[PDB]
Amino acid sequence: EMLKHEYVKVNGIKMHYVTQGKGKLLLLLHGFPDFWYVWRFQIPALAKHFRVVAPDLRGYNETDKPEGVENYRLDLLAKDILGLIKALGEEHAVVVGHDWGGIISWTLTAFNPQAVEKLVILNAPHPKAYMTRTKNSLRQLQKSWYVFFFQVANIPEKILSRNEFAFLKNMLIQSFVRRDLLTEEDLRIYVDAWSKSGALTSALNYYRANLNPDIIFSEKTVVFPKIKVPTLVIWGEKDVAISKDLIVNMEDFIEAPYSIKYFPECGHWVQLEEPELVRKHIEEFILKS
């Protein structure tokens, strides 16, 4: 087996992905400020049992980057993944999502349960949990200072990209509980992906479209179907972006059986900090029902 790079048209966007292995379709979905490469430690080990597919989401790295904030609404992002499953000649997939990848995964599974065999979430709060609780959590509103910063046009792009993405590199390094987690080669690979024309604006449009102050402080109740697919939630407790207030009491959101695996000595990038334990928990969940 060897890691192959492919491109496929889904809805109206050309999506890039890396793939390795054969068997059940296993999707690995990254978040901000990542791309398929965040899954580097899981792809070869998982490919021993599955047909592993790690795509670049809409607006990231090698995938198409439509213009406009409205093109980054969660509904369209979940439809890209649904479209990806179909384009890969499958009816369903095991879906693993981290950060934005996780928010998209929760959305895909709630609105299209038939397309998701099993759901794996890594440090990604349930959309109804964040929509309901953020406005009522001072600690969460504080952790989300940058979500408000990202609302502003052009200025965050400028601040984040200047001096070879120094601000972005620093904010990333500060989020890790592990020392020197990114090598100089890793940083050079991330800077290449970050530098793709229109990538940063597109990545920031996820916050502008789905996490603007109107949505955060909405008085309207959220229409979100219960999760009806077996779910595994992995949570690195030392998360600098997400409060525990947003992960507790998932009972009212998940009807199907579910499990929560807490990593008390890990942060937001649990798949980078404990790559083998994360890979093992994912494998065991799928292969042992």
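One rule holds for the numbers: they count along the sequence shown, beginning at 1.
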Tell me which of 211 to 219 and 93 to 101 has the higher mean C-alpha B-factor in the deposited entry. 211 to 219
Looking at the deposited entry, does 279 to 287 or 1 to 9 carry the larger mean Cα B-factor? 1 to 9
Identify, among 110, 116, 168, 120, the residue whose C-alpha carries the highest B-factor in the deposited PDB entry. 168
Going by the CA temperature factor in the entry, name the top one among 181, 77, 203, 124. 181
Classify residue 245 as lowest, middle or highest third according to the C-alpha B-factor given in the PDB entry, relative to its own chain. highest
Compare the C-alpha B factor of residue 45 with those of the other modelled residues in its chain, then answer lowest, middle or highest third. highest
Lowest, middle or highest third: which one holds residue 73 when the chain's residues are ordered by CA B-factor from the entry? lowest
Using the B-factor values recorded in the entry, state whether the Cα atom of residue 228 falls in the lowest, middle or highest third among the modelled residues of its chain. lowest
Thinking about Cα B factors across the chain, which third does residue 261 belong to? middle
